[PDB]
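Student: So that we are looking at the same thing, I have put the structure below in structure tokens.
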Amino acid sequence: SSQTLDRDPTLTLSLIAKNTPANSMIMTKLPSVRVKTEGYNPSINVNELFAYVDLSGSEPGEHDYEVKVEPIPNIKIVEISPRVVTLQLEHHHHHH
């Protein structure tokens, strides 16, 4: 006997790598992520929802990158799961 007010939505975002260094090739697959929001968006063009990690650095090492979500100018975020991931970086093109 109520209009809105329903459990938080659980949508999965395609984890894509951004700021990918040049001549660099990652050695690990990128899996989606499960996020929770303390709100209710039956629509809001869910198409425009993605998660991206920062790669402001490059070096053949196993660096742990934090999951950075896209701020929503209307609703609030609750948390992420996982919250951090390990991606192996490897060089490419054996010189000239």
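A note on labels: chains of the structure tokens are A, B, ... as shown, every chain counts residues from 1, and ligands are counted from 1 in their shown order.
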Skip residue 64 (chain A) itself and residues of its chain fewer than 4 positions away, then list as number ranges by chain all residues within 12 Å of it, counting only C-alpha atoms.

Tutor: A: 53-55, 57, 82-89

Student: Given only C-alpha atoms as the basis, pick out the residue of A:29, A:63, A:52, A:78 nearest to residue 8 (chain A).

Tutor: A:78

Student: Let me make sure I understand: among A:3, A:45, A:20, A:12, which one has the smallest atom-to-atom distance to residue 32 (chain A) if we use only C-alpha atoms?

Tutor: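 Selected residue with least distance to residue 32 (chain A): A:12.
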
Student: What's the 10 Å shell around residue 56 (chain A), counting only C-alpha atoms, without same-chain residues fewer than 6 positions away, as a ChimeraX atom specification?

Tutor: /A:18-21

Student: Let me see the file: selected residues, N, CA, C and O atoms, as a PDB file, in the first residue's frame.

Tutor:
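File written: selection-v9.pdb
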```pdb
ATOM      1  N   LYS A  18      40.632   3.215 -18.229  1.00  0.00           N
ATOM      2  CA  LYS A  18      40.774   4.558 -18.827  1.00  0.00           C
ATOM      3  C   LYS A  18      42.183   5.079 -18.615  1.00  0.00           C
ATOM      4  O   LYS A  18      42.920   4.582 -17.764  1.00  0.00           O
ATOM      5  N   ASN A  19      42.571   6.085 -19.391  1.00  0.00           N
ATOM      6  CA  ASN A  19      43.895   6.671 -19.289  1.00  0.00           C
ATOM      7  C   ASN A  19      44.954   5.599 -19.504  1.00  0.00           C
ATOM      8  O   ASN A  19      46.021   5.637 -18.894  1.00  0.00           O
ATOM      9  N   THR A  20      44.660   4.641 -20.376  1.00  0.00           N
ATOM     10  CA  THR A  20      45.585   3.550 -20.662  1.00  0.00           C
ATOM     11  C   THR A  20      46.927   4.076 -21.224  1.00  0.00           C
ATOM     12  O   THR A  20      46.943   4.614 -22.331  1.00  0.00           O
ATOM     13  N   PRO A  21      48.021   3.916 -20.530  1.00  0.00           N
ATOM     14  CA  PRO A  21      49.350   4.385 -21.042  1.00  0.00           C
ATOM     15  C   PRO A  21      49.636   3.866 -22.458  1.00  0.00           C
ATOM     16  O   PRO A  21      49.191   2.785 -22.842  1.00  0.00           O
TER      17      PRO A  21
END
```

Student: Could you give me, as a count of residues only, the residues within 12 Å of residue 72 (chain A), counting only C-alpha atoms and dropping anything in the same chain fewer than 5 positions from it?

Tutor: 11

Student: Leaving out residue 51 (chain A) and any residue of its chain fewer than 6 positions from it, which residues lie within 12 Å of it when counting only C-alpha atoms, given as a list in words?

Tutor: residues 11, 12, 13, 14, 15, 16, 17, 18, 30, 31, 32, 33, 34, 35, 66, 67, 68, 69, 70, 71, 80 and 83 of chain A

Student: Please run DSSP on the backbone and report, as a list in words, all residues within region 29-81 of chain A that come out as strand (DSSP E or B).

Tutor: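 Matching residues, listed in order: residues 33, 34, 35, 36, 37, 51, 52, 53, 62, 63, 64, 65, 66, 68, 77, 78, 79, 80 and 81 of chain A.
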